[PDB]
Amino acid sequence: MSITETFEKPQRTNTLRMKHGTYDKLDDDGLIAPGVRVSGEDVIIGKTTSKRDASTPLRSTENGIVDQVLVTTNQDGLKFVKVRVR
Amino acid sequence: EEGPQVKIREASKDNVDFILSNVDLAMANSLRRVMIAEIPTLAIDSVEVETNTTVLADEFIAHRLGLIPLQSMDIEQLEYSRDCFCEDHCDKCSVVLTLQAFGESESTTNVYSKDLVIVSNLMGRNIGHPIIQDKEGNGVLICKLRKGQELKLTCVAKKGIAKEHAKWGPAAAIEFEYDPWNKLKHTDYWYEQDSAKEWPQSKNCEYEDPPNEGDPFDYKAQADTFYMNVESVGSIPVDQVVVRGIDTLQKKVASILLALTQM
Amino acid sequence: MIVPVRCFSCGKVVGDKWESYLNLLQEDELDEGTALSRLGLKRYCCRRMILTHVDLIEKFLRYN
Amino acid sequence: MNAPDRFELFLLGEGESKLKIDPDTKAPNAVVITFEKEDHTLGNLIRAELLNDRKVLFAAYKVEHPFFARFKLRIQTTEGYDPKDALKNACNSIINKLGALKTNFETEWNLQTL
Amino acid sequence: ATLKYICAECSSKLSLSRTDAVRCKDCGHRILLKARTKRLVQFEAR
Ligand SMILES: [Zn+2]
Ligand SMILES: [Zn+2]
Ligand SMILES: [Zn+2]
């Protein structure tokens, strides 16, 4: 009931559910941007619920290079993101 | 001039066919291996991509860049980047090249390796230049654009050996044969009905006396004469694949004497 | 996707031969093998290179 | 990944030498030298010359695993003839005969057109 | 002066976010592309 999620670079605000990896590569929307190398268990998508963390990292055995980040809405209106890595 | 004897039979800007005569197989094969593996040469080995709206990916492009052969006659006078005291690269250890392309035309615009601009100071050592061997002087096709598409890059070239990656190899194929008749019985010929009808005669047989059916096998003979043919890709002229080849060995061996001395 | 720059096996440059090969077929009407031998691609390793390339980039370039 | 850099095939780690020379226990006047960042190129060549030397009783080389560029050469010689001397004598031939050949070649190549 | 987003379709630097919508300026198309860092990216050519 507005118990919402938000793409956004998170930080450490009194709940801190964050990840064993870096958020240092996301932009202010919470999304790497094409061109950047990624790796390790690097975060690729930043997300939140103050701070219940909903944020995706690169598969542990993988590394590559962001290639496209694509953002849209669903039929039902949800912002989607899709990131492809190469 | 006593010792290992030479005998060119053909030569061309691109190949040199010859006969080594009075040497061991080992030295002959070793010089083959050196020509393939260890003659220094210059090659794009870092590429920074400012823009690429191309239909290829960057590493796809980069890889192709490291393969364009680049002039390398003066490569003794470029230091290995790892030996140089600069931070990273500089003019003593590196040529830097640029590439910009934009699909200005409606029709499809190709990017070739002549579109490569050197941007660093050569000190008038003949190195760096994209090599060009086609009638139209385009050299290699790197990419293709559509109207609106862009590619901007820089590259750094660096001296390197094919051990490390084959892009640094000056040689292409190296023909190498010996004992065309089979007189040495180093090989035993597979056949259905007749070994001689069924295997083709080498071109190198004319050069060498057929054996005579009586002739009981020669146990003492050794492999003393080698029909070679070295083919160059062009970053180094040919004669120079050989001579820097011979020269690279001779230095490997000397680093061994130098290191006995240091014991 | 594009002509590869060299023969995977022998290193010979071959990426400067694609436009010519295709000119030698369509403009001067040779059969594929006579054409390859004219560009000096005489071992079967290099011949396989040009003869079996597929220029997929020509399809990729039709997208906007 | 797990892939050792390619530079490792020609270039010495921290604390490694070009040669390590060790006495062979099996037989007399015998040594085993391990050459680092080298391979057959040199190893088959030194070896084959050591055998044109009649004070050479034994010589042989091997690369024990293909993943490392290192070879091991074993020389045995007659009593009074140091093996390390047989390897200067042999490296010295090599360098001489090649000397020779880069000259016979540099020559044959001006006698030349195209 | 800048980039942030791109239009998948009608090819045109948009730049926007939250209470902004997720559509466009001179096509109305709901699909957007993130747009390349300026941090410069280097490749080994191997
Ligand atoms: Zn430097
Ligand atoms: Zn080939
Ligand atoms: Zn639009």
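All Cβ positions, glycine included, derive from the backbone under ideal geometry; neighbour counts span all protein chains shown. Where a number appears in this text, it was derived from the coordinates with a stated rule and is not lab data.
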For chain A, just the Cα set please: Rg and Dmax, both in angstrom. 13.0, 38
Proxy exposure order for D:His40, B:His186 (fewest C-beta within 10 Å first) is B:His186, D:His40
Could you give the angle, 0 to 90 degrees to the nearest 10, between helix B:239-261's Cα long axis and the longest principal axis of the Cα atoms of chain B? 80 degrees
Computed FRET value (nearest 0.05) for A:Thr6 with D:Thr103, which takes r as the C-beta separation and R₀ as 60 Å: 0.15
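Based only on other Cβ atoms within 10 Å, what is the fewest-to-most ordering of B:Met263, A:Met18?
B:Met263, A:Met18
Which pairs break 29 Å Cα to Cα here: B:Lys13/D:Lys97; A:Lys9/E:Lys25; B:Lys7/D:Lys18; B:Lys152/C:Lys42; B:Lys159/B:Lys251; B:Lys159/B:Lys203?
B:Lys7/D:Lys18; B:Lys152/C:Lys42; B:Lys159/B:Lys203
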With the contact rule set at Cα under 8 Å and sequence spacing of 6 or more, what percent relative contact order holds for chain B? 30 percent
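Within the P(r) computed for the protein assembly as shown, what percentage of the Cα pairs occupies the region above 43 Å? Write down the numbers at each step before the final one.
On the way: 62435 of 163878 pairs.
Tail fraction, whole percent: 38.
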Cβ-Cβ FRET estimate between E:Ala1 and E:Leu40, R0 fixed at 25 Å, reported to 0.05: 0.80
Mean separation of Cα pairs under 8 Å and 6+ residues apart, divided by the residue count of the range D:26-114: what relative contact order is that in percent? 32 percent
Residue order, fewest to most surrounding Cβ atoms within 10 angstrom, among B:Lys183, B:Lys158: B:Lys183, B:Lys158
Rounded to whole angstrom, the alpha-carbon centroid of the range B:208-263 lies from that of the range C:25-64 at a distance of 36 Å
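Provide the FRET efficiency to the nearest 0.05 for the B:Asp247-E:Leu16 pair, computing r from the beta carbons and using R0 = 60 Å.
Between B:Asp247 and E:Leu16 the formula returns 0.40.
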Relative contact order for the range B:114-223: what percent, with Cα pairs under 8 Å and sequence separation of 6 or more? 18 percent
Find the centroid of the Cα atoms in the range A:64-80 and in the range B:36-98, then give the distance between the two in whole Å. 37 Å
